[PDB]
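Listing of input-v2.csv, CSV, C-alpha atoms and all ligand atoms
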```
chain,number,residue,atom,x,y,z
A,9,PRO,CA,98.4,92.6,83.7
A,10,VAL,CA,96.9,94.4,80.7
A,11,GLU,CA,93.4,96.0,80.5
A,12,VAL,CA,91.4,96.0,77.3
A,13,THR,CA,88.2,98.1,77.1
A,14,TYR,CA,85.6,98.1,74.3
A,15,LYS,CA,81.9,99.1,74.2
A,16,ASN,CA,80.4,97.7,77.5
A,17,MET,CA,82.9,94.8,77.7
A,18,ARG,CA,86.2,94.9,79.6
A,19,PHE,CA,88.9,92.2,79.7
A,20,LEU,CA,92.1,91.8,81.7
A,21,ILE,CA,95.0,89.6,80.5
A,22,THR,CA,97.4,88.7,83.3
A,23,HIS,CA,100.5,86.8,84.2
A,24,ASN,CA,100.0,83.4,85.7
A,25,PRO,CA,100.3,83.5,89.5
A,26,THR,CA,102.1,81.2,91.9
A,27,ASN,CA,100.4,79.6,95.0
A,28,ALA,CA,101.8,82.0,97.5
A,29,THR,CA,101.2,85.2,95.5
A,30,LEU,CA,97.4,84.6,95.8
A,31,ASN,CA,97.4,87.0,98.8
A,32,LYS,CA,98.9,89.7,96.5
A,33,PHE,CA,97.0,88.3,93.5
A,34,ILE,CA,93.4,88.7,94.7
A,35,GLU,CA,94.4,92.2,95.8
A,36,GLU,CA,95.2,93.0,92.2
A,37,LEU,CA,92.2,91.2,90.7
A,38,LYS,CA,89.7,92.8,93.1
A,39,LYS,CA,91.1,96.2,92.1
A,40,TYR,CA,90.3,95.8,88.4
A,41,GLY,CA,86.9,94.6,89.4
A,42,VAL,CA,87.1,91.0,88.1
A,43,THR,CA,84.3,88.5,88.5
A,44,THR,CA,85.2,85.5,86.4
A,45,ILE,CA,88.7,84.0,85.5
A,46,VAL,CA,89.3,81.9,82.4
A,47,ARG,CA,92.2,79.6,82.6
A,48,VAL,CA,93.2,78.5,79.1
A,49,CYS,CA,96.5,76.7,79.8
A,50,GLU,CA,97.0,74.4,82.8
A,51,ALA,CA,95.9,74.3,86.4
A,52,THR,CA,98.8,75.7,88.4
A,53,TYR,CA,97.0,76.4,91.7
A,54,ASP,CA,94.1,75.5,94.0
A,55,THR,CA,91.0,77.3,92.8
A,56,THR,CA,89.4,77.1,96.3
A,57,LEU,CA,90.8,80.2,97.9
A,58,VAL,CA,90.0,82.2,94.7
A,59,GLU,CA,86.4,81.2,94.5
A,60,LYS,CA,86.2,81.7,98.2
A,61,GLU,CA,86.8,85.4,97.6
A,62,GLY,CA,83.8,85.6,95.3
A,63,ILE,CA,85.8,85.2,92.0
A,64,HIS,CA,84.6,82.3,89.9
A,65,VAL,CA,87.3,80.3,87.9
A,66,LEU,CA,86.8,78.5,84.6
A,67,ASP,CA,89.3,75.9,83.1
A,68,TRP,CA,89.0,75.6,79.3
A,69,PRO,CA,92.4,74.5,78.2
A,70,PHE,CA,93.5,74.0,74.7
A,71,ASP,CA,96.6,73.1,72.7
A,72,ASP,CA,99.6,75.4,72.9
A,73,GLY,CA,99.8,77.9,70.0
A,74,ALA,CA,96.7,76.4,68.4
A,75,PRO,CA,93.3,78.1,67.8
A,76,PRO,CA,90.5,77.3,70.2
A,77,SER,CA,87.9,74.6,69.2
A,78,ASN,CA,84.4,75.6,68.2
A,79,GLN,CA,83.1,74.4,71.5
A,80,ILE,CA,85.4,76.7,73.4
A,81,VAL,CA,84.6,79.6,71.2
A,82,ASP,CA,80.8,79.3,71.5
A,83,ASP,CA,81.0,78.8,75.2
A,84,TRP,CA,83.2,81.8,75.3
A,85,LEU,CA,80.9,84.1,73.4
A,86,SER,CA,78.0,82.9,75.5
A,87,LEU,CA,80.0,83.5,78.7
A,88,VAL,CA,80.8,87.0,77.6
A,89,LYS,CA,77.3,88.0,76.6
A,90,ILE,CA,75.7,86.6,79.7
A,91,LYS,CA,78.3,87.8,82.3
A,92,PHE,CA,78.4,91.4,81.0
A,93,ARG,CA,74.6,91.6,81.1
A,94,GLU,CA,74.5,90.0,84.5
A,95,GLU,CA,76.8,92.6,86.1
A,96,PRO,CA,77.4,95.6,83.8
A,97,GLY,CA,80.9,97.2,84.2
A,98,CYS,CA,82.7,94.1,85.5
A,99,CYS,CA,85.6,92.3,84.0
A,100,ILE,CA,86.6,88.9,82.7
A,101,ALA,CA,90.2,87.7,83.2
A,102,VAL,CA,92.1,85.4,80.9
A,103,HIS,CA,95.5,84.0,81.7
A,104,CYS,CA,98.1,81.3,80.9
A,105,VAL,CA,101.5,80.0,82.1
A,106,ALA,CA,103.1,80.8,78.8
A,107,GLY,CA,101.7,84.1,77.7
A,108,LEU,CA,100.8,86.1,74.7
A,109,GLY,CA,99.4,83.1,72.7
A,110,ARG,CA,96.1,81.5,73.8
A,111,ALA,CA,94.8,84.1,76.2
A,112,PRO,CA,94.7,87.1,73.9
A,113,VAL,CA,93.1,85.1,71.1
A,114,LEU,CA,89.8,84.6,73.1
A,115,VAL,CA,89.9,88.3,73.8
A,116,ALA,CA,90.5,89.1,70.1
A,117,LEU,CA,87.5,86.8,69.1
A,118,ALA,CA,85.2,88.7,71.5
A,119,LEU,CA,86.7,91.9,70.3
A,120,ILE,CA,86.0,91.4,66.6
A,121,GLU,CA,82.7,89.8,67.6
A,122,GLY,CA,81.9,93.2,69.1
A,123,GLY,CA,82.1,95.1,65.9
A,124,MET,CA,85.8,95.8,65.5
A,125,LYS,CA,87.8,95.0,62.4
A,126,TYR,CA,90.4,92.2,62.4
A,127,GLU,CA,93.3,94.6,61.6
A,128,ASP,CA,92.1,97.3,64.0
A,129,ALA,CA,91.7,94.7,66.7
A,130,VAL,CA,95.0,92.9,66.4
A,131,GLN,CA,96.7,96.3,66.2
A,132,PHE,CA,94.9,97.4,69.4
A,133,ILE,CA,96.0,94.2,71.0
A,134,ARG,CA,99.7,94.2,69.9
A,135,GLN,CA,100.0,97.9,70.8
A,136,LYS,CA,99.5,97.0,74.4
A,137,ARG,CA,101.8,93.9,74.1
A,138,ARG,CA,104.3,93.4,71.4
A,139,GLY,CA,104.3,90.0,69.6
A,140,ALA,CA,101.3,88.4,71.1
A,141,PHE,CA,100.4,86.2,68.2
A,142,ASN,CA,102.0,83.3,66.4
A,143,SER,CA,101.8,82.0,62.8
A,144,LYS,CA,98.7,79.8,63.3
A,145,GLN,CA,96.7,82.2,65.4
A,146,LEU,CA,97.1,85.1,63.0
A,147,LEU,CA,95.3,83.1,60.3
A,148,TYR,CA,92.6,81.9,62.6
A,149,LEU,CA,91.7,85.5,63.4
A,150,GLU,CA,92.2,86.8,59.9
A,151,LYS,CA,89.6,84.5,58.4
A,152,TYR,CA,87.2,84.3,61.4
A,153,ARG,CA,83.6,84.8,60.3
A,154,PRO,CA,81.8,87.0,62.9
A,155,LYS,CA,78.3,85.9,63.8
A,156,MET,CA,77.6,89.3,65.4
A,157,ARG,CA,76.5,87.1,68.4
A,158,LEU,CA,76.8,90.0,70.8
A,159,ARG,CA,74.2,92.5,69.3
B,429,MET,CA,141.4,111.4,66.0
B,430,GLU,CA,139.2,110.7,69.1
B,431,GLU,CA,136.6,113.4,68.2
B,432,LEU,CA,136.1,111.7,64.8
B,433,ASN,CA,135.4,108.3,66.5
B,434,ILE,CA,132.9,110.0,68.8
B,435,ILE,CA,131.2,111.6,65.9
B,436,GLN,CA,130.9,108.4,63.9
B,437,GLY,CA,129.8,106.5,66.9
B,438,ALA,CA,127.1,109.1,67.4
B,439,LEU,CA,125.7,108.9,64.0
B,440,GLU,CA,125.6,105.1,64.2
B,441,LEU,CA,123.3,105.2,67.2
B,442,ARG,CA,120.3,105.1,64.8
B,443,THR,CA,121.6,102.0,63.1
B,444,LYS,CA,122.8,100.0,66.1
B,445,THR,CA,120.6,98.1,68.5
B,446,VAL,CA,120.8,97.3,72.2
B,447,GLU,CA,121.4,93.8,71.2
B,448,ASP,CA,124.8,94.8,69.7
B,449,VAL,CA,126.2,96.5,72.9
B,450,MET,CA,124.5,94.3,75.5
B,451,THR,CA,126.0,91.9,78.0
B,452,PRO,CA,124.9,88.3,77.3
B,453,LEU,CA,123.0,86.6,80.0
B,454,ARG,CA,125.7,83.9,80.4
B,455,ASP,CA,128.3,86.5,81.3
B,456,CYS,CA,126.0,88.4,83.7
B,457,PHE,CA,126.8,88.4,87.4
B,458,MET,CA,123.5,87.7,89.3
B,459,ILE,CA,122.2,86.5,92.6
B,460,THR,CA,119.4,84.2,93.7
B,461,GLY,CA,116.4,85.7,95.6
B,462,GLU,CA,116.7,82.8,98.0
B,463,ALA,CA,120.1,84.2,98.9
B,464,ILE,CA,120.8,85.0,102.6
B,465,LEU,CA,123.0,88.1,103.3
B,466,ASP,CA,125.7,86.9,105.6
B,467,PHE,CA,129.4,87.6,105.8
B,468,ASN,CA,130.2,85.5,102.9
B,469,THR,CA,127.4,86.5,100.6
B,470,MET,CA,127.7,90.2,101.2
B,471,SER,CA,131.5,89.9,100.8
B,472,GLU,CA,131.1,88.1,97.5
B,473,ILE,CA,128.7,90.7,96.1
B,474,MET,CA,131.1,93.4,97.1
B,475,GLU,CA,134.0,91.5,95.6
B,476,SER,CA,132.4,91.5,92.1
B,477,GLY,CA,132.7,95.3,91.9
B,478,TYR,CA,129.3,95.7,90.3
B,479,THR,CA,127.1,98.5,91.5
B,480,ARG,CA,123.9,96.9,90.2
B,481,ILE,CA,123.2,93.2,90.6
B,482,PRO,CA,120.3,91.3,89.0
B,483,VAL,CA,118.2,89.1,91.2
B,484,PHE,CA,116.7,86.0,89.6
B,485,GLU,CA,114.3,83.4,90.9
B,486,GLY,CA,114.5,79.7,89.8
B,487,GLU,CA,116.0,79.9,86.3
B,488,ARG,CA,118.4,82.7,85.6
B,489,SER,CA,116.4,83.7,82.5
B,490,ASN,CA,113.8,84.9,85.0
B,491,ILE,CA,114.7,88.2,86.7
B,492,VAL,CA,112.4,89.3,89.4
B,493,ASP,CA,114.3,92.2,91.0
B,494,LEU,CA,117.4,94.4,91.1
B,495,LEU,CA,119.9,94.8,94.0
B,496,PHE,CA,122.1,97.9,94.3
B,497,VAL,CA,125.1,97.6,96.7
B,498,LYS,CA,124.1,100.6,98.6
B,499,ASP,CA,121.1,98.5,99.8
B,500,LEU,CA,123.6,96.4,101.8
B,501,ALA,CA,124.7,99.4,103.9
B,502,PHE,CA,123.4,99.0,107.4
B,503,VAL,CA,122.6,95.3,106.9
B,504,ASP,CA,124.5,93.2,109.5
B,505,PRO,CA,126.3,89.9,108.5
B,506,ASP,CA,125.7,88.3,111.8
B,507,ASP,CA,121.9,88.9,111.4
B,508,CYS,CA,121.6,86.6,108.4
B,509,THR,CA,118.9,88.8,106.8
B,510,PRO,CA,117.1,87.3,103.8
B,511,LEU,CA,117.5,89.0,100.5
B,512,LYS,CA,113.7,89.2,99.9
B,513,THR,CA,113.6,91.4,102.9
B,514,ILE,CA,116.0,94.0,101.6
B,515,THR,CA,114.5,94.1,98.1
B,516,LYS,CA,111.2,94.8,99.9
B,517,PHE,CA,112.7,97.9,101.5
B,518,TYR,CA,114.2,99.7,98.6
B,519,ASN,CA,112.4,98.2,95.5
B,520,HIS,CA,114.4,99.7,92.6
B,521,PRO,CA,112.7,99.9,89.2
B,522,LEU,CA,113.3,97.2,86.8
B,523,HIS,CA,113.1,98.1,83.1
B,524,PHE,CA,112.7,95.7,80.2
B,525,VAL,CA,113.7,96.8,76.7
B,526,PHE,CA,113.4,94.8,73.5
B,527,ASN,CA,116.4,93.8,71.5
B,528,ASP,CA,115.4,95.6,68.3
B,529,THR,CA,115.6,98.9,70.3
B,530,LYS,CA,117.8,101.6,68.8
B,531,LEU,CA,120.7,103.0,70.9
B,532,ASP,CA,119.3,106.5,70.3
B,533,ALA,CA,116.1,105.7,72.1
B,534,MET,CA,117.8,103.7,74.8
B,535,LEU,CA,120.1,106.6,75.5
B,536,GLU,CA,117.0,109.0,75.8
B,537,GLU,CA,115.3,106.4,78.1
B,538,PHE,CA,118.3,106.4,80.3
B,539,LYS,CA,118.4,110.2,80.5
B,540,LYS,CA,114.8,110.6,81.6
B,541,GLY,CA,114.2,108.0,84.2
B,542,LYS,CA,116.4,107.2,87.1
B,543,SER,CA,117.8,103.8,86.1
B,544,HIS,CA,121.1,103.2,84.3
B,545,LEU,CA,120.3,99.5,83.7
B,546,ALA,CA,117.8,97.7,81.5
B,547,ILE,CA,117.0,94.1,80.7
B,548,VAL,CA,117.2,92.9,77.1
B,549,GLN,CA,114.4,90.6,75.9
B,550,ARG,CA,113.1,89.5,72.5
B,551,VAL,CA,109.9,87.9,71.1
B,552,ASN,CA,110.2,84.3,70.3
B,553,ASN,CA,108.0,83.6,67.3
B,554,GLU,CA,109.1,80.0,66.5
B,555,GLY,CA,106.2,77.7,65.7
B,556,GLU,CA,103.9,76.5,66.8
B,557,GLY,CA,104.1,77.4,70.5
B,558,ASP,CA,102.8,80.6,72.0
B,559,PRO,CA,105.0,83.5,71.4
B,560,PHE,CA,106.9,84.4,74.6
B,561,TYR,CA,109.5,86.9,75.8
B,562,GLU,CA,113.2,85.7,76.0
B,563,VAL,CA,115.7,87.4,78.3
B,564,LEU,CA,119.0,87.7,76.5
B,565,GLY,CA,121.0,89.7,79.2
B,566,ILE,CA,121.5,93.3,80.3
B,567,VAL,CA,122.4,96.7,78.9
B,568,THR,CA,123.6,99.7,80.8
B,569,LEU,CA,124.4,103.3,80.2
B,570,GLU,CA,128.1,102.6,80.1
B,571,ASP,CA,127.4,100.2,77.3
B,572,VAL,CA,125.8,102.8,75.0
B,573,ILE,CA,128.4,105.2,76.1
B,574,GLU,CA,131.2,102.8,75.1
B,575,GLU,CA,129.7,102.4,71.5
B,576,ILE,CA,129.8,106.1,71.0
B,577,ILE,CA,133.4,106.7,72.2
B,578,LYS,CA,134.6,103.6,70.4
C,1,LIG,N1,126.0,93.0,87.4
C,1,LIG,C1,126.6,92.9,86.3
C,1,LIG,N2,126.9,91.6,85.8
C,1,LIG,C2,127.5,91.5,84.6
C,1,LIG,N3,127.8,92.5,83.7
C,1,LIG,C3,127.5,93.7,84.2
C,1,LIG,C4,127.0,94.0,85.5
C,1,LIG,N4,126.8,95.3,85.6
C,1,LIG,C5,127.2,95.8,84.5
C,1,LIG,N5,127.6,94.9,83.6
C,1,LIG,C6,128.2,95.2,82.3
C,1,LIG,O1,129.5,95.6,82.5
C,1,LIG,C7,129.8,96.7,81.6
C,1,LIG,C8,130.0,98.0,82.4
C,1,LIG,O2,128.8,98.3,83.1
C,1,LIG,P1,128.7,99.4,84.2
C,1,LIG,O3,129.7,100.4,84.2
C,1,LIG,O4,127.3,100.0,84.2
C,1,LIG,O5,128.9,98.6,85.6
C,1,LIG,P2,128.9,99.2,87.0
C,1,LIG,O6,130.3,99.4,87.5
C,1,LIG,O7,128.2,98.2,87.9
C,1,LIG,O8,128.1,100.6,87.1
C,1,LIG,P3,128.5,102.1,86.8
C,1,LIG,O9,128.3,102.4,85.2
C,1,LIG,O10,127.5,103.0,87.5
C,1,LIG,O11,129.9,102.2,87.2
C,1,LIG,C9,128.6,96.8,80.6
C,1,LIG,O12,128.8,95.9,79.5
C,1,LIG,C10,127.5,96.2,81.5
C,1,LIG,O13,126.6,95.6,80.6
C,2,ZN,ZN,131.3,101.7,85.8
```
In structure tokens, how does this file's structure come out?
Amino acid sequence: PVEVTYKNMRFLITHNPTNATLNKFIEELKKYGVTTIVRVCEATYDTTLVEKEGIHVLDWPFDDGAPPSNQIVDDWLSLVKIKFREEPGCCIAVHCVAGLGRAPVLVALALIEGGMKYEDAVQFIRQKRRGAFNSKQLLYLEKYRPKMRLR
Amino acid sequence: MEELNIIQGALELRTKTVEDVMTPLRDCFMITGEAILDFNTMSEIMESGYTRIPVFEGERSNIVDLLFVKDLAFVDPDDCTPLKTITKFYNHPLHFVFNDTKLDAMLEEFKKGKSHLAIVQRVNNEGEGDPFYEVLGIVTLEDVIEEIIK
């Protein structure tokens, strides 16, 4: 459960919960002030209870250890810009069953899209969690062309 | 003599890592969280002679808690009390240290902080899958002490 703050946008990368831990899970997620959850790996649990608590869940899976497709990236940036305007000061949660690969990448894209340099961003990410990137993903973020879509 | 072994051991605390002194996972004595504390289970724990016993859930590479023997004190064997219960009572801190960690640092991290035990884990960077943490086993104070009195 790692918090990342920059400008007006705030993200939270968490471990993937079990079905029983939801009782203790919501309690955590309500504390950080989450609204939306982005599931990038596989569906491990019933989303029903979660959305019942007022927390919307989004499943945008993609290949393990591989960069996210353009579709996912655009939807992601749109989701960020819209959700942070809709309720300023809230948080978007990303998680996966594996960890450190796919989830922090989306966060990194949004981070460099928010006016942070590639190096400075990856350093800020890895400082909070060691490792956190594989061979393929490092390259994707290195050469990523920022659209400055946030503004 | 013995002094000279201590001195050498102490200078080589910078060089050496926790991965060098650690106890491999395969040789670790552990216990399932689903364990029930009855006469047999409690007796077996006590028979091992380990003060600190790792508690894993599912696969052994997954360590969810730590059980000291002093936690078994007023627990009754005839009561058949689940282990989850006891761990809920005391809830001892569980530290995770990386394999590339120097012994100097590990020693200091043992001095400040209560715990004499730590879990060894490493970053798995093999392609192309997502990098994950891999639990190799445990390292205790007596380990880093042993390196430095040879
Ligand atoms: N539960 C255990 N299962 C397997 N190996 C252990 C266990 N506890 C400690 N070890 C290993 O045994 C060696 C001695 O450890 P240690 O002396 O800390 O054990 P202990 O008797 O349980 O505790 P203490 O140091 O407080 O007497 C070390 O290599 C340590 O890594
Ligand atoms: Zn001992």
Counting all atoms listed in the file, find the residues whose atoms lie at most 8 Å from (118.9, 95.0, 94.3) (file coordinates) and write them out as a ChimeraX atom specification.
/B:480-483,493-497,499,514-515,518-520
Judged by only C-alpha atoms, the minimum distance to chain B among A:124, A:133, A:80, A:111 is found for A:111
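Proximity ranking of B:522, B:545, B:465, B:551 relative to ligand ZN 2 (chain C) places B:545 first, based on only C-alpha atoms and all ligand atoms.
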Contacts of residue 41 (chain A) at 9 Å or less, counting only C-alpha atoms, minus same-chain residues fewer than 3 places along, as a PyMOL selection string?
chain A and resi 36-38+97-100
Selection within 8 Å of ligand ZN 2 (chain C) by only C-alpha atoms and all ligand atoms, output as a ChimeraX atom specification
/B:478-479,570
Residues within 12 Å of ligand LIG 1 (chain C) should be enumerated using only C-alpha atoms and all ligand atoms and returned as a PyMOL selection string.
chain B and resi 446-459+473-484+494-498+538+542-548+564-575
Provide the CA of residue 105 (chain A) to CA of residue 521 (chain B) distance in Å, to one decimal place.
23.9 Å
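When the distance limit is 12 Å and only C-alpha atoms are what count, the residues near residue 137 (chain A), minus those fewer than 3 positions from it on the same chain, are residues 9, 10, 11, 12, 21, 22, 107, 108, 109, 112, 130, 131, 132, 133, 134, 140 and 141 of chain A; 526, 551, 559, 560 and 561 of chain B.
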Check the smallest atom-to-atom distance from each of A:92, A:40, A:19, A:53 to residue 114 (chain A) using only C-alpha atoms, then report the winner.
A:19
Interface list for chain B, partner chain A, 6 Å threshold, only C-alpha atoms, as a list in words:
residues 556, 557, 558 and 559 of chain B
Surrounding residues of residue 128 (chain A) excluding itself and chain neighbours under 6 positions, 12 Å, all atoms listed in the file, as JSON, numbers by chain:
{"A": [116, 119, 120, 134, 135, 149, 150]}
Keeping C-alpha atoms for every residue in the selection just given, could you write it to a file as a tab-separated table (two decimals), keeping the file's coordinate frame?
```
chain	number	residue	atom	x	y	z
A	116	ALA	CA	90.50	89.10	70.10
A	119	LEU	CA	86.70	91.90	70.30
A	120	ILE	CA	86.00	91.40	66.60
A	134	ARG	CA	99.70	94.20	69.90
A	135	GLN	CA	100.00	97.90	70.80
A	149	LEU	CA	91.70	85.50	63.40
A	150	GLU	CA	92.20	86.80	59.90
```
Compile the contact shell of residue 88 (chain A) as a ChimeraX atom specification: residues with an atom at most 9 Å away, counting all atoms listed in the file, same-chain residues fewer than 2 positions apart removed.
/A:17,83-86,90-93,100,118,158
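Residues in contact with residue 62 (chain A) at 8 Å, where all atoms listed in the file are counted and same-chain residues fewer than 3 positions away are skipped, are listed as residues 43, 58 and 59 of chain A.
Atom to atom, CA of residue 75 (chain A) and CA of residue 554 (chain B) stand 16.0 Å apart.
The space separating CA of residue 527 (chain B) from CA of residue 436 (chain B) comes to 21.9 Å.
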